[PDB]
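Chemist: First the structure, which I've put down as structure tokens, then a few questions once you've had a look.
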Amino acid sequence: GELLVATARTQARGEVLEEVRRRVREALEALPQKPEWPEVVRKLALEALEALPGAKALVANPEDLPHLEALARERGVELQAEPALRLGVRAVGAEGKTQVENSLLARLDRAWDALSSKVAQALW
Amino acid sequence: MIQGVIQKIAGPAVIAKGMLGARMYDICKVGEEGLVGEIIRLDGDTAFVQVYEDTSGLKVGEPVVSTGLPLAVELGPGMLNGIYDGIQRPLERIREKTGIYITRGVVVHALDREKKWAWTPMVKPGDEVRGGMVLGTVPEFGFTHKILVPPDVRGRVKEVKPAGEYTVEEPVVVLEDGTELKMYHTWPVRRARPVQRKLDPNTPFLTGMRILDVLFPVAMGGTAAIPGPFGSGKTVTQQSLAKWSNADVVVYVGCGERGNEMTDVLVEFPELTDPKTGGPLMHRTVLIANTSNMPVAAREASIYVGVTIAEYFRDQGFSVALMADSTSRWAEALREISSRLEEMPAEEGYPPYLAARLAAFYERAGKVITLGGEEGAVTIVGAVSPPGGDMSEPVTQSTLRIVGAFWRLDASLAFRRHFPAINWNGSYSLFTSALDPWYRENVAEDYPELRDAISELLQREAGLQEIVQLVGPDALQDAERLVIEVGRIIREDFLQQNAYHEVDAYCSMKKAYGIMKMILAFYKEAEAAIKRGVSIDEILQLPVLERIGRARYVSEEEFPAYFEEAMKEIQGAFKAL
Amino acid sequence: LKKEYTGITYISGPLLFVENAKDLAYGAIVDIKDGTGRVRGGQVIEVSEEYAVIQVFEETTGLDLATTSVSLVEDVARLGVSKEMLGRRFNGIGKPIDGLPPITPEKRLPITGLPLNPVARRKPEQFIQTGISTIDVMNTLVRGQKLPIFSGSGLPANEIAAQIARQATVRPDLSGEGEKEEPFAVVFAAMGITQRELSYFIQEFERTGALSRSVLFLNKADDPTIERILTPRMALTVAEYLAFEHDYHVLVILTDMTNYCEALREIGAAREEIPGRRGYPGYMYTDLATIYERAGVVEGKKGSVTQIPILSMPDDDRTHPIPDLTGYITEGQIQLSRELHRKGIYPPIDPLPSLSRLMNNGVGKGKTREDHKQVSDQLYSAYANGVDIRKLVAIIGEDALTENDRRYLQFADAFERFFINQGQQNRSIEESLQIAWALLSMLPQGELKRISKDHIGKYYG
Amino acid sequence: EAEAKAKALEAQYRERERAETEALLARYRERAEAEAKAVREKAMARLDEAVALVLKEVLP
């Protein structure tokens with residue numbers, strides 16, 4: 001019976017963290033309609049270019065074309081147009097043997113751990 | 001369909017080039033003929049195919065065509081009463097097609113694609129199907145072969161083809177996804193078939209031999225290992241396990257063993273009869289033979305094809321028994337492909353992943369609930385062949401950490417033609433304490449206590465045998481001579497099978513309990529006769545000892561009246577003494 | 001972000017070689033994904049400026065070279081640990097298989113541990129009784145000790161481990177403190193067990209109710225044979241956390257370390273590396289040492305780790321490198337015997353090849369009783385006389401022996417039937433010393449040369 | 001009389017075992033549902049502090 005009450009408690013605690021993850025997933029899905037959207041996308045593209053020294057190709061969406069063409073005329077890059085990405089950009093390095101994706105859903109899913117610690121500590 | 005050419009041939013190992021994107025452990029057709037190989041050691045764009053047939057006469061330049069699928073068995077109706085080799089090809093169709101010699105490179109389908117099977121559906125339009133549920137039955141011989149959904153297919157049934165008779169290739173169910181479920185289905189042979197839950201085994205695997213279910217039993221969901229050097233039989237024990245059991249179907253996989261055993265099993269089984277449903281015995285055997293002179297890499301796939309077919313009959317509810325003969329020949333097959341592949345070995349040539357492969361094989365046995373709700377089990381008896389004696393081998397000690405029952409043969413105990421050669425000083429079984437409520441309901445009430453008295457008497461006899469050999473026969477006072485003689489009666493009357501006599505071969509639990517009760521009543525009443533001053537040499541020629549000694553030959557029907565008459569003879573033969 | 005690498009040059013066995021990977025740190029975890037989206041764990045075990053070797057933590061079936069991006073995760077290999085995992089179950093990688101949600105990790109620790117400082121250790125000192133009479137009287141288990149159960153191939157090692165799990169307690173009234181009874185927290189690290197032994201451990205722990213205090217890192221036999229490397233490290237990470245930052249009394253049951261040494265033999269033979277004895281590599285002493293020596297008690301804190309490794313001695317000897325090096329790192333072993341289990345004795349512990357190097361710290365005056373060490377030594381000498389007089393019986397026969405030689409032969413088998421043999425009964429330390437004196441009373445004085453005169457004057461008979 | 005008192009005490013304490021076991025377990029079920037509802041209802045009003053924090057720390 002004590003395992004019954006404790007497992008009911010921890011699964012009820014887990015699904016609320018799941019729905020907080022749902023809220024932030026939708027509030028990051030509805031980010032490309034905002035006036036600071038080329039600012040945040042070119043900031044993330046600058047970080048992705050920064051972590052990979054001297055990229056060659058930069059993969060972005062057909063919707064993500066016009067907001068960052070000033071990046072596509074400096075730093076030696078050449079842009080590639082592909083709708084494979086939902087968020088963020090990609091940096092193709094030396095000979096296609098290295099990519100650095102900097103999509104937003106990937107940033108959430110990778111950084112979720114210590115942020116989940118702080119989310120549970122903030123909510124309790 | 002990644003297509004390339006041969007770059008190198010080395011033994012049965014074809015190192016092909018031009019393959020950049022072939023998946024590891026696919027099956028690719030090597031050579032211009034159409035030979036079969038499995039692909040490992042990717043390197044750049046250069047594969048490492050091993051062939052499964054012979055390899056002589058090939059060149060450099062012949063195309064190799066990657067099918068892009070792993071080693072897949074086909075599962076469905078038409079596998080019982082059937083012989084296959086290590087890549088699931090029917091040997092009767094090969095013998096009809098090419099001759100009396102197993103040639104290289106011939107493609108016959110596993111399940112015969114033209115027999116008309118009756119179909120009786122058990123789903124309707126607008127139902128939902130999950131993995132492993134039933135879609136309807138097909139009557140095979142006297143079984144009821146219910147056909148399954150494949151274990152990675154679910155959805156909603158859009159149409160069902162009606163009742164009639166059909167062919168195994170014809171798509172009988174169409175889901176509401178565009179997919180169509182046929183009668184057979186393919187399954188990758190190394191990925192184990194799923195279950196819902198594994199239970200604990202609590203019902204014994206009755207094997208018709210007295211010692212191997214009385215003193216060292218094995219449950220329905222357990223594993224057992226039989227070692228034994230040459231001349232210790234082991235083949236008649238595997239065949240007796242196959243002939244006289246309670247398991248509904250038997251997969252007899254022989255990897256690297258002589259062809260005379262396989263032609264014995266194939267010839268004489270249509271004349272026998274299982275003691276559960278009548279008819280032939282060969283209608284519950286799937287036998288996967290791979291003779292010694294057949295190629296040396298197919299021994300690896302023969303075991304996995306056998307255990308995947310055993311899990312297929314386990315998922316249908318049937319209790320399956322898998323007899324895997326000469327798994328050390330599979331160990332030598334792994335040694336051959338490893339030393340072809342230039343790896344560093346460990347402990348006499350065997351690759352270091354050997355015990356992980358043997359655990360992956362012996363893990364598939366068990367007693368599960370299936371995905372379709374019903375309950376099934378599969379039990380593996382693996383015959384290991386060490387070189388000579390030598391239980392310190394890597395394969396023997398590597399299978400010894402896994403198996404629940406260990407059945408050790410001897411040569412010295414088999415050179416005296418005492419078959420079976422089960423050395424009970426070294427054999428063991430972990431399933432004795434778990435099979436006790438089944439015993440206490442279904443054979444007797446005091447049955448564990450009685451065979452514990454038998455085990456105590458045998459350990460006493462085998463301990464005292466040493467000083468009997470040392471001092472001679474004289475110095476044993478009164479009742480230790482009786483311990484010798486009762487132990488001799490046990491190992492000549494209860495433990496010694498024949499397996500060729502028409503009624504001594506199969507021995508159910510009631511007759512074994514009866515012979516046990518005879519011997520213990522004789523011993524207790526003879527000790528009660530020797531505590532009062534009767535010579536021990538007088539007792540050892542009473543006629544009721546002969547009535548005990550020939551009591552392994554009274555039939556199953558003729559037993560109980562004979563048992564009660566021998567009990568009153570045991571009583572009324574010591575009153576005069 | 002999430003960097004990636006394509007360009008795997010070579011996949012074979014458990015290994016695959018990525019190239020142009022200068023940013024994969026050594027000892028870092030990668031995840032490998034093919035065209036079917038399924039991910040696979042892996043770890044780097046060589047970094048060059050050219051290329052980088054990676055061991056794969058799952059089965060390598062289905063990979064190819066036109067796909068299978070290898071991405072980086074967690075710069076050094078870490079386990080995210082909370083306190084909320086005291087009822088859960090996990091696989092070899094560290095993920096829950098019970099249908100429950102994943103945890104909220106408070107800290108994240110490095111998995112391989114850091115070596116504990118010898119200045120900041122404390123002496124393992126407080127007497128655990130285990131109920132088993134041989135372990136309580138003769139080979140004492142003291143809280144903060146490493147002692148493996150060397151077993152055979154069919155011997156009941158799992159039942160003895162479960163019995164020590166279900167009834168090990170510390171008695172503070174003998175110790176002199178009281179002060180509470182907080183029970184143990186079990187960490188059960190299973191490496192390649194076969195659902196039979198697993199069902200026995202789970203059914204035992206659920207009938208006794210220990211699953212609300214015990215974490216189970218289960219790595220079953222069909223699961224891949226590389227994450228057996230990862231399993232004891234991410235079990236002793238939780239053991240060190242729950243003992244040295246939350247003051248529990250963690251007992252770890254490291255099941256069947258021979259599977260761990262088999263996994264090391266595999267990964268050491270796939271690297272073309274210098275063998276030791278019987279094909280096991282050179283660094284097997286160092287890896288078994290950095291599993292085992294992550295136990296004990298520390299100075300100025302409250303916790304305790306007690307390791308019971310379980311060993312399957314291959315040809316039931318002390319000469320194979322696995323039980324041999326295990327006995328070299330650890331402090332004492334408890335060894336099971338094939339003879340006593342054929343005679344029907346449970347627990348079949350023969351006390352001659354078994355010992356405990358931390359007995360003298362936690363027995364004796366004011367901690368067990370005033371006669372404990374001396375009763376142990378006299379039992380050892382007299383049972384050794386019985387053992388080596390049975391060989392004389394086997395040589396010459398009994399009726400050339402006199403009476404005092406026969407009293408030892410009666411002591412040996414009365415010992416084996418009454419002191420050693422006990423079916424699941426919890427004989428405490430006072431009753432076990434009472435039975436020890438009841439067996440020593442089969443010998444006359446003048447043949448008890450290791451017991452002081454007031455002890456033998458007041459306890460005898 | 002020995003067999004009769006054995007059987008009577010058996011039936012008596014198995015009735016006791018059955019009734020008190022089900023009365024314990026249903027009460028633990030009730031308190032478990034109450035605890036789960038209480039932690040969810042405390043967390044719901046507590047929410048939206050979290051989503052701004054995680055969306056602030058993921059985004060630059």
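Note on naming: chains are A, B, ... as they come in the structure tokens, residues start from 1 per chain, ligands start from 1 in the order shown.
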Only residues of chain A matter here; which ones have an atom within 9 Å of chain D, counting only C-alpha atoms? Give them as a PyMOL selection string.

Modeler: chain A and resi 1-2+4-13+16+20-21+23-25+27-28+40+43-44+104+107-108+111-112+115-116+118-120+122-124

Chemist: So that I have them on file, write out the residues from the current selection with N, CA, C and O atoms, as a tab-separated table (two decimals), in the first residue's frame.

Modeler:
```tsv
chain	number	residue	atom	x	y	z
A	1	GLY	N	0.80	-1.22	0.00
A	1	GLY	CA	0.00	0.00	0.00
A	1	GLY	C	0.83	1.27	0.00
A	1	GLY	O	0.45	2.27	-0.63
A	2	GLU	N	1.98	1.24	0.68
A	2	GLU	CA	2.84	2.42	0.65
A	2	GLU	C	3.51	2.60	-0.71
A	2	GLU	O	3.68	3.74	-1.16
A	4	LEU	N	1.93	1.77	-3.38
A	4	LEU	CA	0.80	2.26	-4.16
A	4	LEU	C	0.65	3.77	-4.05
A	4	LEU	O	0.56	4.47	-5.08
A	5	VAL	N	0.68	4.30	-2.83
A	5	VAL	CA	0.50	5.74	-2.65
A	5	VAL	C	1.71	6.51	-3.18
A	5	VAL	O	1.55	7.57	-3.81
A	6	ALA	N	2.92	5.95	-3.04
A	6	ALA	CA	4.10	6.67	-3.51
A	6	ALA	C	4.19	6.69	-5.03
A	6	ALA	O	4.57	7.71	-5.62
A	7	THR	N	3.83	5.58	-5.70
A	7	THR	CA	3.87	5.59	-7.16
A	7	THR	C	2.75	6.42	-7.77
A	7	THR	O	2.97	7.06	-8.81
A	8	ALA	N	1.57	6.45	-7.13
A	8	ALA	CA	0.52	7.36	-7.57
A	8	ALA	C	0.97	8.82	-7.45
A	8	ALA	O	0.76	9.62	-8.37
A	9	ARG	N	1.64	9.15	-6.34
A	9	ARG	CA	2.17	10.49	-6.14
A	9	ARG	C	3.21	10.86	-7.19
A	9	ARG	O	3.16	11.96	-7.77
A	10	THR	N	4.15	9.96	-7.48
A	10	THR	CA	5.21	10.34	-8.40
A	10	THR	C	4.75	10.37	-9.86
A	10	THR	O	5.25	11.18	-10.63
A	11	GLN	N	3.75	9.57	-10.24
A	11	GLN	CA	3.27	9.70	-11.62
A	11	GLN	C	2.38	10.93	-11.79
A	11	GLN	O	2.44	11.59	-12.84
A	12	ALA	N	1.60	11.27	-10.76
A	12	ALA	CA	0.85	12.52	-10.79
A	12	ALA	C	1.78	13.72	-10.82
A	12	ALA	O	1.48	14.74	-11.45
A	13	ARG	N	2.93	13.61	-10.15
A	13	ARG	CA	3.93	14.67	-10.21
A	13	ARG	C	4.61	14.73	-11.56
A	13	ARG	O	4.99	15.81	-12.02
A	16	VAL	N	2.44	16.49	-14.65
A	16	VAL	CA	2.37	17.95	-14.63
A	16	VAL	C	3.65	18.55	-15.20
A	16	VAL	O	3.61	19.57	-15.90
A	20	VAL	N	3.93	21.01	-18.47
A	20	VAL	CA	4.74	22.23	-18.53
A	20	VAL	C	5.68	22.19	-19.73
A	20	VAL	O	5.89	23.20	-20.43
A	21	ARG	N	6.24	21.00	-20.02
A	21	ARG	CA	7.00	20.80	-21.24
A	21	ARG	C	6.15	21.02	-22.49
A	21	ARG	O	6.65	21.57	-23.48
A	23	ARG	N	3.56	23.17	-22.68
A	23	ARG	CA	3.37	24.62	-22.77
A	23	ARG	C	4.60	25.31	-23.33
A	23	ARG	O	4.48	26.20	-24.18
A	24	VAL	N	5.79	24.90	-22.89
A	24	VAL	CA	6.98	25.57	-23.43
A	24	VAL	C	7.26	25.11	-24.86
A	24	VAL	O	7.77	25.89	-25.67
A	25	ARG	N	6.84	23.89	-25.22
A	25	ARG	CA	7.01	23.43	-26.59
A	25	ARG	C	6.12	24.21	-27.54
A	25	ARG	O	6.56	24.61	-28.63
A	27	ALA	N	4.86	27.31	-26.85
A	27	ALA	CA	5.28	28.71	-26.80
A	27	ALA	C	6.61	28.94	-27.51
A	27	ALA	O	6.95	30.09	-27.80
A	28	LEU	N	7.37	27.88	-27.78
A	28	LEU	CA	8.53	27.99	-28.65
A	28	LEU	C	8.19	27.63	-30.09
A	28	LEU	O	8.92	28.03	-31.01
A	40	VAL	N	16.75	36.83	-33.01
A	40	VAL	CA	17.06	35.59	-32.31
A	40	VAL	C	17.59	34.52	-33.27
A	40	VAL	O	18.49	33.75	-32.92
A	43	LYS	N	21.11	35.46	-34.11
A	43	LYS	CA	21.93	35.23	-32.93
A	43	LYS	C	22.28	33.75	-32.79
A	43	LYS	O	23.44	33.40	-32.52
A	44	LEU	N	21.29	32.87	-32.98
A	44	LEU	CA	21.55	31.43	-32.91
A	44	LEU	C	22.43	30.96	-34.06
A	44	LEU	O	23.27	30.07	-33.89
A	104	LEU	N	15.70	24.79	-32.13
A	104	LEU	CA	15.21	25.20	-30.82
A	104	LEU	C	14.65	24.03	-30.03
A	104	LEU	O	14.88	23.94	-28.81
A	107	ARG	N	17.47	22.21	-28.67
A	107	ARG	CA	18.03	22.89	-27.50
A	107	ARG	C	17.20	22.60	-26.26
A	107	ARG	O	17.76	22.37	-25.18
A	108	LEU	N	15.87	22.60	-26.40
A	108	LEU	CA	15.00	22.28	-25.27
A	108	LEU	C	15.21	20.84	-24.81
A	108	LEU	O	15.41	20.58	-23.62
A	111	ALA	N	18.79	20.46	-23.22
A	111	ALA	CA	19.01	21.19	-21.98
A	111	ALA	C	17.95	20.92	-20.92
A	111	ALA	O	17.99	21.56	-19.87
A	112	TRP	N	17.00	20.01	-21.18
A	112	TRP	CA	15.87	19.79	-20.28
A	112	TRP	C	16.23	19.29	-18.87
A	112	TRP	O	15.42	19.44	-17.97
A	115	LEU	N	17.34	22.02	-16.08
A	115	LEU	CA	16.16	22.87	-16.13
A	115	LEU	C	14.95	22.17	-15.54
A	115	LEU	O	14.10	22.83	-14.95
A	116	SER	N	14.87	20.84	-15.63
A	116	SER	CA	13.78	20.11	-14.99
A	116	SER	C	13.95	20.10	-13.48
A	116	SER	O	12.97	20.17	-12.74
A	118	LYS	N	15.35	22.59	-11.84
A	118	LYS	CA	14.97	23.93	-11.40
A	118	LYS	C	13.47	24.17	-11.56
A	118	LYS	O	12.88	24.91	-10.77
A	119	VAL	N	12.83	23.53	-12.54
A	119	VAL	CA	11.38	23.63	-12.70
A	119	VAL	C	10.66	22.98	-11.52
A	119	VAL	O	9.75	23.57	-10.93
A	120	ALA	N	11.09	21.77	-11.14
A	120	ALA	CA	10.47	21.11	-9.99
A	120	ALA	C	10.78	21.83	-8.69
A	120	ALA	O	9.93	21.87	-7.79
A	122	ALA	N	11.22	25.12	-8.48
A	122	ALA	CA	10.43	26.35	-8.50
A	122	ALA	C	8.97	26.06	-8.21
A	122	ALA	O	8.32	26.81	-7.47
A	123	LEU	N	8.44	24.98	-8.76
A	123	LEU	CA	7.05	24.64	-8.49
A	123	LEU	C	6.85	23.99	-7.13
A	123	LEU	O	5.71	23.88	-6.67
A	124	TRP	N	7.93	23.55	-6.47
A	124	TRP	CA	7.84	23.09	-5.10
A	124	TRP	C	9.04	23.56	-4.29
A	124	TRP	O	10.11	22.96	-4.34
```

Chemist: Report the residues of chain A whose backbone DSSP state falls under strand (DSSP E), written as a list in words.

Modeler: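 Residues of chain A classed as strand (DSSP E): residues 57, 58, 59, 60, 78, 79, 80, 81, 90, 91, 92, 99, 100 and 101 of chain A.
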
Chemist: For the residues selected in the previous step, produce a file with N, CA, C and O atoms as a short mmCIF file (atom, residue, chain, number, x, y, z; two decimals), in the first residue's frame.

Modeler:
```cif
data_model
loop_
_atom_site.label_atom_id
_atom_site.label_comp_id
_atom_site.auth_asym_id
_atom_site.auth_seq_id
_atom_site.Cartn_x
_atom_site.Cartn_y
_atom_site.Cartn_z
N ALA A 57 28.83 25.47 -45.42
CA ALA A 57 27.44 25.63 -45.83
C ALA A 57 26.58 25.91 -44.61
O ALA A 57 26.87 25.46 -43.50
N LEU A 58 25.50 26.65 -44.82
CA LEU A 58 24.56 26.97 -43.74
C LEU A 58 23.17 26.61 -44.23
O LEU A 58 22.67 27.22 -45.17
N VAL A 59 22.56 25.63 -43.59
CA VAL A 59 21.27 25.09 -44.00
C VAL A 59 20.16 25.84 -43.28
O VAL A 59 20.19 25.96 -42.04
N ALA A 60 19.20 26.35 -44.04
CA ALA A 60 18.04 27.03 -43.49
C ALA A 60 16.81 26.72 -44.35
O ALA A 60 16.91 26.12 -45.42
N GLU A 78 28.15 29.73 -47.47
CA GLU A 78 27.21 29.62 -48.58
C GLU A 78 25.95 28.96 -48.06
O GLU A 78 26.02 27.95 -47.36
N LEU A 79 24.80 29.54 -48.39
CA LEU A 79 23.55 29.07 -47.82
C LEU A 79 22.98 27.94 -48.65
O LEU A 79 23.21 27.84 -49.86
N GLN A 80 22.22 27.07 -47.99
CA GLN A 80 21.47 26.00 -48.62
C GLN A 80 20.03 26.09 -48.15
O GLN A 80 19.76 26.31 -46.96
N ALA A 81 19.10 25.93 -49.09
CA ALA A 81 17.68 26.08 -48.83
C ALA A 81 17.05 24.69 -48.72
O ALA A 81 16.97 23.96 -49.71
N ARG A 90 21.47 25.13 -39.45
CA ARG A 90 22.45 24.06 -39.44
C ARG A 90 23.74 24.58 -40.07
O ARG A 90 23.70 25.41 -40.98
N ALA A 91 24.88 24.09 -39.58
CA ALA A 91 26.18 24.46 -40.11
C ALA A 91 26.88 23.20 -40.61
O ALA A 91 27.22 22.32 -39.81
N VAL A 92 27.08 23.11 -41.92
CA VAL A 92 27.80 22.00 -42.54
C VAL A 92 29.27 22.40 -42.68
O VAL A 92 29.58 23.39 -43.35
N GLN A 99 28.17 18.19 -38.97
CA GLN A 99 27.13 19.18 -38.93
C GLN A 99 26.99 19.67 -37.50
O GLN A 99 27.33 18.97 -36.55
N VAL A 100 26.55 20.91 -37.36
CA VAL A 100 26.13 21.45 -36.07
C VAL A 100 24.73 21.98 -36.28
O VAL A 100 24.54 22.99 -36.96
N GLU A 101 23.75 21.29 -35.72
CA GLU A 101 22.39 21.80 -35.72
C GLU A 101 22.21 22.67 -34.49
O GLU A 101 22.76 22.37 -33.43
#
```

Chemist: Sorted by chain and rising residue number, list the residues of chain B at most 9 Å from chain C (counting only C-alpha atoms), each with its closest atom pair and distance in Å to one decimal, as a tab-separated table.

Modeler:
```
residue	atom	partner	partner_atom	distance
B:20	CA	C:65	CA	6.1
B:21	CA	C:66	CA	4.8
B:22	CA	C:64	CA	5.8
B:23	CA	C:64	CA	4.7
B:24	CA	C:62	CA	5.1
B:25	CA	C:61	CA	5.9
B:26	CA	C:62	CA	7.8
B:40	CA	C:12	CA	6.8
B:41	CA	C:12	CA	4.5
B:42	CA	C:11	CA	5.3
B:43	CA	C:10	CA	4.3
B:44	CA	C:9	CA	5.0
B:45	CA	C:65	CA	7.9
B:70	CA	C:62	CA	8.4
B:192	CA	C:222	CA	8.9
B:198	CA	C:195	CA	8.1
B:199	CA	C:199	CA	8.7
B:200	CA	C:196	CA	7.5
B:201	CA	C:196	CA	9.0
B:222	CA	C:196	CA	8.8
B:343	CA	C:270	CA	7.2
B:344	CA	C:269	CA	5.8
B:345	CA	C:269	CA	7.0
B:346	CA	C:279	CA	4.9
B:347	CA	C:278	CA	6.0
B:351	CA	C:266	CA	8.3
B:352	CA	C:266	CA	5.1
B:353	CA	C:266	CA	6.0
B:355	CA	C:262	CA	8.2
B:356	CA	C:225	CA	6.6
B:359	CA	C:221	CA	6.2
B:360	CA	C:222	CA	5.1
B:361	CA	C:222	CA	8.5
B:362	CA	C:194	CA	8.7
B:363	CA	C:222	CA	6.4
B:364	CA	C:222	CA	8.4
B:366	CA	C:195	CA	8.8
B:391	CA	C:315	CA	8.4
B:392	CA	C:315	CA	6.1
B:397	CA	C:314	CA	6.3
B:398	CA	C:314	CA	8.3
B:400	CA	C:153	CA	6.5
B:401	CA	C:153	CA	5.8
B:402	CA	C:194	CA	7.0
B:404	CA	C:154	CA	8.4
B:405	CA	C:154	CA	8.9
B:406	CA	C:154	CA	8.8
B:425	CA	C:342	CA	8.4
B:426	CA	C:342	CA	8.7
B:428	CA	C:154	CA	7.4
B:429	CA	C:154	CA	8.2
B:430	CA	C:154	CA	7.7
B:456	CA	C:343	CA	8.6
B:459	CA	C:343	CA	8.0
B:466	CA	C:394	CA	8.4
B:467	CA	C:394	CA	7.5
B:470	CA	C:397	CA	8.8
B:471	CA	C:397	CA	8.2
```

Chemist: What would the file look like if the residues just selected were written as a CSV table (one decimal), in the first residue's frame with C-alpha atoms?

Modeler:
```csv
chain,number,residue,atom,x,y,z
B,20,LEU,CA,28.4,2.2,-49.2
B,21,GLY,CA,25.1,2.0,-47.4
B,22,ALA,CA,24.5,-1.7,-46.9
B,23,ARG,CA,23.2,-2.3,-43.4
B,24,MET,CA,25.1,-4.5,-41.0
B,25,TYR,CA,23.7,-8.1,-40.7
B,26,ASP,CA,21.8,-7.9,-43.9
B,40,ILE,CA,29.7,-7.8,-41.2
B,41,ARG,CA,32.8,-5.5,-40.8
B,42,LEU,CA,32.0,-2.5,-42.8
B,43,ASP,CA,35.1,-0.5,-43.8
B,44,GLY,CA,35.0,2.6,-46.0
B,45,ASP,CA,32.9,1.3,-48.8
B,70,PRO,CA,18.3,-9.2,-42.2
B,192,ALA,CA,13.8,-12.2,-30.2
B,198,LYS,CA,7.4,-14.0,-18.3
B,199,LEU,CA,6.0,-16.2,-15.6
B,200,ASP,CA,7.7,-18.7,-13.4
B,201,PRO,CA,7.8,-22.3,-14.6
B,222,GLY,CA,13.6,-24.2,-18.1
B,343,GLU,CA,40.2,-11.3,-34.2
B,344,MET,CA,42.3,-12.1,-31.2
B,345,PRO,CA,40.9,-15.1,-29.3
B,346,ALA,CA,40.6,-16.1,-25.7
B,347,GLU,CA,40.9,-19.6,-24.1
B,351,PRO,CA,35.8,-15.6,-29.7
B,352,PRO,CA,35.3,-13.7,-26.4
B,353,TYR,CA,31.6,-13.0,-27.1
B,355,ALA,CA,29.1,-16.8,-23.6
B,356,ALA,CA,27.1,-13.8,-24.6
B,359,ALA,CA,23.2,-16.6,-23.1
B,360,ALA,CA,21.3,-15.0,-26.0
B,361,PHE,CA,20.3,-18.5,-27.2
B,362,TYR,CA,19.4,-20.0,-23.8
B,363,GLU,CA,17.5,-16.9,-22.7
B,364,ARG,CA,14.6,-17.5,-25.2
B,366,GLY,CA,10.7,-19.8,-20.6
B,391,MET,CA,34.2,-30.1,-18.1
B,392,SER,CA,36.6,-27.2,-17.8
B,397,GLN,CA,31.7,-23.6,-18.3
B,398,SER,CA,30.1,-20.8,-20.3
B,400,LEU,CA,27.1,-23.9,-17.2
B,401,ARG,CA,26.4,-20.5,-15.6
B,402,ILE,CA,23.0,-20.3,-17.5
B,404,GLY,CA,18.9,-24.7,-14.8
B,405,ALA,CA,19.5,-28.4,-15.1
B,406,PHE,CA,22.8,-30.2,-15.7
B,425,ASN,CA,27.5,-37.5,-8.6
B,426,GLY,CA,27.9,-34.2,-10.4
B,428,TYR,CA,22.0,-31.4,-10.6
B,429,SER,CA,18.8,-29.6,-11.1
B,430,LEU,CA,17.5,-26.3,-9.7
B,456,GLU,CA,20.2,-40.2,0.6
B,459,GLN,CA,24.8,-40.8,-1.6
B,466,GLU,CA,35.3,-46.3,-1.6
B,467,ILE,CA,36.1,-48.3,1.5
B,470,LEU,CA,39.8,-50.5,-0.3
B,471,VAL,CA,39.2,-53.2,2.3
```

Chemist: Give me the residues within 9 Å of stretch 398-411 of chain C as a PyMOL selection string, counting only C-alpha atoms and dropping any in the same chain fewer than 3 places off.

Modeler: chain C and resi 382-383+385-387+389-390+392-394+414-416+439-440+442-443

Chemist: Please, what distance in Å, to one decimal, runs between atom CA of residue C:458 and atom CA of residue C:437?

Modeler: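 About the pair atom CA of residue C:458 and atom CA of residue C:437: they are 10.9 Å apart.
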
Chemist: Provide the atom CA of residue C:349 to atom CA of residue C:209 distance in Å, to one decimal place.

Modeler: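 Interatomic distance, atom CA of residue C:349 to atom CA of residue C:209: 27.2 Å.
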
Chemist: Which residues in stretch 152-315 of chain C does DSSP call helix (DSSP H, G or I)? List them as a PyMOL selection string.

Modeler: chain C and resi 157-167+172-175+196-208+210-212+230-244+258-269+284-292

Chemist: As an exercise, work out the distance from atom CA of residue B:377 to atom CA of residue B:313 in Å and give it to one decimal place.

Modeler: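 According to the coordinates, atom CA of residue B:377 and atom CA of residue B:313 are separated by 9.1 Å.
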
Chemist: Pick out the chain C residues within 8 Å of chain A. Count only C-alpha atoms. Give them as a list in words.

Modeler: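 Close enough to count are residues 1, 2, 3, 4, 5, 6, 7, 19, 20, 87, 100, 101, 102, 104, 105, 106 and 212 of chain C.
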
Chemist: Counting only C-alpha atoms, what is within 10 Å of residue C:335, bar same-chain residues fewer than 4 positions away, as a ChimeraX atom specification?

Modeler: /C:148-152,157,311,313,316-318,348-355
